[PDB]
There are 2 protein chains.
Amino acid sequence: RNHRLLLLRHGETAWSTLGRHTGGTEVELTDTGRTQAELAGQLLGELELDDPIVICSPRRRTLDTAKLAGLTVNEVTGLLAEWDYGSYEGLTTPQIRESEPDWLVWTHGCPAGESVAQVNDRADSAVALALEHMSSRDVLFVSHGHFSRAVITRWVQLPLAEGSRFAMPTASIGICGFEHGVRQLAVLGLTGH
Amino acid sequence: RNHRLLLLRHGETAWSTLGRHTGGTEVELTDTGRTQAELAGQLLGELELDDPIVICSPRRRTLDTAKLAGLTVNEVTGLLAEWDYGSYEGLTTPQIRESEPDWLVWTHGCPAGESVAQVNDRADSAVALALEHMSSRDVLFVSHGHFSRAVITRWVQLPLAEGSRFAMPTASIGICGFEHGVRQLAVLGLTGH
């Protein structure tokens with residue numbers, strides 16, 4: 001296709017800096033988070049996007065980022081919500097490690113939350129959504145760390161387990177496109193701050 | 001580990017702009033290529049690298065890029081040479097398509113040149129090389145499009161066939177590291193021009 005799928009992770013929060021897993025919890029962006037968002041929109045500005053359709057996660061930290069980035073949101077949907085961490089909500093990876101030493105959200109999932117299968121499907125639906133609009137315009141997802149990686153991993157048609165192989169820091173941008181007929185990851189870890 | 005593996009593709013040449021596959025052929029950087037290289041070194045400057053060991057491909061376009069980027073090369077080795085295209089040297093993907101409609105270097109390889117297996121092994125040796133120095137410092141490979149992708153694909157422990165899923169434009173930087181014990185791709189398609 002002649003278009004792209006861009007993904008933007010929301011800025012920093014008090015929880016992200018501590019490595020805490022935040023799903024449905026409504027945490028606010030820090031002042032550093034607001035600045036990150038502001039710089040990202042600055043960066044999106046020179047990406048020369050074609051009449052972009054912006055889809056955003058319902059969380060306030062992502063809605064806030066979109067506004068601060070100077071974007072106008074077209075669709076707000078839980079489809080882009082972060083991985084539901086269930087019982088692990090608020091826990092860091094080490095803390096989770098004290099009980100499940102080999103844990104990775106990518107292979108284990110979360111007890112009382114979303115399983116890999118469920119996110120795999122949610123990720124595919126998201127990619128399907130993107131492809132429909134990319135027929136005429138560029139697409140931008142303002143979402144979260146793990147889910148954004150989920151989308152990317154699926155864009156490149158790999159098992160969701162591979163989400164562990166791609167970073168996605170706060171206020172960072174990843175870009176998906178094509179090369180000689182193949183869906184490909186073009187940019188990752190792009191930061192304007 | 002506490003260190004990173006960075007990869008830098010050489011700047012633009014008269015052949016790259018045309019989408020021609022260049023392996024052993026000694027093509028020069030265009031003036032645009034020299035500028036790209038110059039900007040990349042500018043970009044490497046703010047990456048705060050730890051006493052970096054720089055390994056470079058023997059081709060003149062890569063040696064030139066390193067010099068223009070303001071880098072001092074520690075090791076020059078064919079280990080980082082581009083995929084040997086054999087019979088396809090000089091051909092574009094469409095041209096190759098006129099004979100092998102479903103061709104991708106990643107799955108087919110090149111007749112009279114390197115096979116996937118051979119590049120898979122060369123890529124792994126390169127990763128092995130990096131890990132040995134990353135024990136005390138950061139590593140920088142100045143190489144080519146397909147091979148750099150090969151190294152990245154292997155860094156993340158995927159079959160070489162997946163090299164098709166990662167872009168690597170001229171004068172672009174990719175960065176490999178770790179996240180909670182897992183080898184991961186941190187940055188891709190980073191451009192200073």
# chains A, B, ... in the order shown; residues from 1 in each chain; ligands from 1
>>> select_by_dssp(residues="chain A", states="strand (DSSP E)", output="VMD selection string")
chain A and resid 5 to 9 53 to 56 75 to 76 139 to 143 173 to 179 182 to 190
>>> interface_residues(of="chain B", to="chain A", cutoff="12 Å", atoms="only C-alpha atoms", output="PyMOL selection string")
chain B and resi 19+92-94+96-97+101-106+149+152-159+161-169+172-192
>>> atom_distance(atom1="atom CA of residue A:81", atom2="atom CA of residue A:32")
22.0 Å
>>> atom_distance(atom1="atom CA of residue B:71", atom2="atom CA of residue B:40")
10.4 Å
>>> select_by_dssp(residues="stretch 46-89 of chain A", states="alpha helix (DSSP H)", output="ChimeraX atom specification")
/A:60-68
>>> closest_residue(among="B:55, B:68, B:142, B:117", to="residue B:31", atoms="only C-alpha atoms")
B:68
>>> residues_around(residues="residue A:125", least_positions_apart="6", cutoff="12 Å", atoms="only C-alpha atoms", output="list in words")
residues 78, 79, 80, 118, 119, 131, 132, 150, 151, 154 and 155 of chain A
>>> write_last_selection(atoms="N, CA, C and O atoms", output="mmCIF file, in the first residue's frame")
data_model
loop_
_atom_site.group_PDB
_atom_site.id
_atom_site.type_symbol
_atom_site.label_atom_id
_atom_site.label_comp_id
_atom_site.auth_asym_id
_atom_site.auth_seq_id
_atom_site.Cartn_x
_atom_site.Cartn_y
_atom_site.Cartn_z
ATOM 1 N N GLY A 78 -11.842 1.037 23.400
ATOM 2 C CA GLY A 78 -11.114 0.157 24.290
ATOM 3 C C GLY A 78 -10.297 -0.853 23.510
ATOM 4 O O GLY A 78 -9.535 -1.623 24.093
ATOM 5 N N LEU A 79 -10.461 -0.855 22.187
ATOM 6 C CA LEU A 79 -9.722 -1.779 21.329
ATOM 7 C C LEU A 79 -8.215 -1.570 21.488
ATOM 8 O O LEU A 79 -7.428 -2.507 21.340
ATOM 9 N N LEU A 80 -7.828 -0.332 21.787
ATOM 10 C CA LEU A 80 -6.419 0.021 21.969
ATOM 11 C C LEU A 80 -5.996 0.071 23.442
ATOM 12 O O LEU A 80 -4.898 0.535 23.757
ATOM 13 N N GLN A 118 -6.435 -13.832 23.993
ATOM 14 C CA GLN A 118 -7.324 -12.683 23.919
ATOM 15 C C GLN A 118 -6.656 -11.440 23.359
ATOM 16 O O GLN A 118 -7.264 -10.694 22.590
ATOM 17 N N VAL A 119 -5.406 -11.203 23.739
ATOM 18 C CA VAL A 119 -4.721 -10.022 23.227
ATOM 19 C C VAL A 119 -4.307 -10.257 21.773
ATOM 20 O O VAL A 119 -4.274 -9.324 20.967
ATOM 21 N N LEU A 131 -5.768 -1.529 8.258
ATOM 22 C CA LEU A 131 -5.727 -1.845 6.826
ATOM 23 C C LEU A 131 -6.908 -1.296 6.047
ATOM 24 O O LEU A 131 -6.780 -0.970 4.866
ATOM 25 N N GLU A 132 -8.059 -1.179 6.704
ATOM 26 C CA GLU A 132 -9.243 -0.665 6.029
ATOM 27 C C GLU A 132 -9.161 0.828 5.726
ATOM 28 O O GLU A 132 -9.673 1.286 4.704
ATOM 29 N N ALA A 150 2.031 -5.473 20.678
ATOM 30 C CA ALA A 150 1.200 -6.575 20.221
ATOM 31 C C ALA A 150 0.791 -6.290 18.795
ATOM 32 O O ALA A 150 0.852 -7.165 17.932
ATOM 33 N N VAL A 151 0.368 -5.056 18.547
ATOM 34 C CA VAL A 151 -0.051 -4.674 17.211
ATOM 35 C C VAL A 151 1.102 -4.827 16.216
ATOM 36 O O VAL A 151 0.927 -5.384 15.128
ATOM 37 N N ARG A 154 1.961 -8.394 15.431
ATOM 38 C CA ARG A 154 0.976 -8.991 14.538
ATOM 39 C C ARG A 154 1.058 -8.380 13.143
ATOM 40 O O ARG A 154 0.788 -9.054 12.145
ATOM 41 N N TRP A 155 1.426 -7.107 13.067
ATOM 42 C CA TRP A 155 1.556 -6.471 11.767
ATOM 43 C C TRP A 155 2.566 -7.271 10.954
ATOM 44 O O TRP A 155 2.356 -7.537 9.773
#
>>> atom_distance(atom1="atom CA of residue A:76", atom2="atom CA of residue A:13")
20.5 Å
>>> residues_around(residues="stretch 47-50 of chain B", least_positions_apart="6", cutoff="9 Å", atoms="only C-alpha atoms", output="VMD selection string")
chain B and resid 3 to 4 136 to 139
>>> write_last_selection(atoms="N, CA, C and O atoms", output="PDB file, in the first residue's frame")
ATOM      1  N   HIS B   3      25.099  -3.057  28.167  1.00  0.00           N
ATOM      2  CA  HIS B   3      25.542  -2.450  26.907  1.00  0.00           C
ATOM      3  C   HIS B   3      24.641  -2.709  25.700  1.00  0.00           C
ATOM      4  O   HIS B   3      23.697  -3.504  25.775  1.00  0.00           O
ATOM      5  N   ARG B   4      24.948  -2.034  24.589  1.00  0.00           N
ATOM      6  CA  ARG B   4      24.150  -2.133  23.367  1.00  0.00           C
ATOM      7  C   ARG B   4      24.925  -2.422  22.083  1.00  0.00           C
ATOM      8  O   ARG B   4      26.112  -2.127  21.971  1.00  0.00           O
ATOM      9  N   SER B 136      32.000  -5.340  28.317  1.00  0.00           N
ATOM     10  CA  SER B 136      32.653  -4.179  28.901  1.00  0.00           C
ATOM     11  C   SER B 136      32.421  -2.868  28.154  1.00  0.00           C
ATOM     12  O   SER B 136      32.705  -1.796  28.686  1.00  0.00           O
ATOM     13  N   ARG B 137      31.905  -2.944  26.930  1.00  0.00           N
ATOM     14  CA  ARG B 137      31.673  -1.735  26.137  1.00  0.00           C
ATOM     15  C   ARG B 137      30.543  -1.904  25.109  1.00  0.00           C
ATOM     16  O   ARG B 137      30.038  -3.018  24.899  1.00  0.00           O
ATOM     17  N   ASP B 138      30.153  -0.792  24.481  1.00  0.00           N
ATOM     18  CA  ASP B 138      29.121  -0.803  23.448  1.00  0.00           C
ATOM     19  C   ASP B 138      29.769  -1.206  22.123  1.00  0.00           C
ATOM     20  O   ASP B 138      30.965  -0.974  21.916  1.00  0.00           O
ATOM     21  N   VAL B 139      28.979  -1.806  21.231  1.00  0.00           N
ATOM     22  CA  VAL B 139      29.465  -2.257  19.917  1.00  0.00           C
ATOM     23  C   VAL B 139      28.738  -1.579  18.745  1.00  0.00           C
ATOM     24  O   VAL B 139      27.517  -1.436  18.765  1.00  0.00           O
TER      25      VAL B 139
END
>>> closest_residue(among="B:143, B:30, B:115, B:2", to="residue B:58", atoms="only C-alpha atoms")
B:143
